[PDB]
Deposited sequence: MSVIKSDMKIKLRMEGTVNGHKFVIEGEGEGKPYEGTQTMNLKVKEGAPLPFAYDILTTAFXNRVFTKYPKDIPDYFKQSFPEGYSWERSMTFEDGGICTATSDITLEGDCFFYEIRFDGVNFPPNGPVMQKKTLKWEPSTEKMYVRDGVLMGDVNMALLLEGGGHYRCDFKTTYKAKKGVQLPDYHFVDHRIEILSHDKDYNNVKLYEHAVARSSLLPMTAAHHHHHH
């Protein structure tokens, strides 16, 4: 395969949140077969970001997912050609984000071209007031729909004041060639900001993801 034990990542995101423009670039590396990865992200335009950086992090590649032998791996099979994805993020207080990403591979390095746009966040809500601490770990439900792979996941941001703030993700993952389609299955995730500086101009970001069937008979 062109997917090796260790692979590098480069990316650029451009976007808006509540009309505020920004650009972020990143570089990282990961272990596609272990489902782990780390990257460093740098704000290039739009500092200081006026919103919770956490809304961005899941937009910064299901290639980095440990897939068991008995579940077809839609993402790794898609290379060398690659894949794109499209996502809606519906927050419980009316905020809506769309995001798209085009994922290509050159040599040992993936490149992501990412667009992110967020609208209708309440001005005193947790996103515009930067009151989030982290996403909780999650379980994404993966199923085929109209020839492509869909993923839906109930996400939750733990808040400073205590309690959680909910967001529902719907993602369409689109391979650029024929791949073996998996049956309905699950991808468990844990994403974390490992470190960051004031105003999140520099962020180190980590994700662990593992695919599985039900644990139950």
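Trainee: Could you please spell out the deposited residue ranges that have no C-alpha entry in the coordinates?
Mentor: 1, 62, 220-229 are the stretches of the deposited chain that have no C-alpha coordinates in the structure.
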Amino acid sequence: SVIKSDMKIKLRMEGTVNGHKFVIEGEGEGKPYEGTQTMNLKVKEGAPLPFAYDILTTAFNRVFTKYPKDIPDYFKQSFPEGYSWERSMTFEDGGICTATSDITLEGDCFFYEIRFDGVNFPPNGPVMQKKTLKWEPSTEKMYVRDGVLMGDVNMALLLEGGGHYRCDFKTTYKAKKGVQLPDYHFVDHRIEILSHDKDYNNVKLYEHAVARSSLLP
From here on, numbers count along this sequence of modelled residues.
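Trainee: Mean CA temperature factor from the deposited coordinates, higher in 149-157 or in 23-31?
Mentor: Mean C-alpha B-factor is greater for 23-31.
Trainee: Given the B-factors recorded for C-alpha atoms, which segment has the greater mean, 166-174 or 34-42?
Mentor: Comparing averages over the C-alpha atoms only gives 34-42.
Trainee: Quiz for you: based on the deposited Cα B-factor, which of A99, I71, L133, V127 is highest?
Mentor: Among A99, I71, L133, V127, the highest C-alpha B-factor in the entry belongs to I71.
Trainee: Between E92, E140, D108, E86, let me know which has the highest C-alpha B-factor in the entry?
Mentor: Across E92, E140, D108, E86, the entry lists the biggest C-alpha B-factor for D108.
Trainee: Using the B-factors in the PDB entry, rank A47's C-alpha atom against the chain and give the third, lowest, middle or highest.
Mentor: Top third by C-alpha B-factor.
Trainee: Based on the entry's values, in what third of the chain does the Cα temperature factor of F79 lie: lowest, middle or highest?
Mentor: Highest third, going by the recorded CA B-factors of the chain.
Trainee: Would the CA B-factor of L205 place it in the lowest, middle or highest third of its chain?
Mentor: Middle third.
Trainee: Against its chain's modelled residues, does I55's Cα B factor rank lowest, middle or highest third?
Mentor: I55: CA B-factor falls in the lowest third of its chain.
Trainee: Tell me, lowest, middle or highest third: where does the Cα B factor of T65 rank within its chain?
Mentor: It belongs to the middle third of the chain when residues are ordered by C-alpha B-factor.
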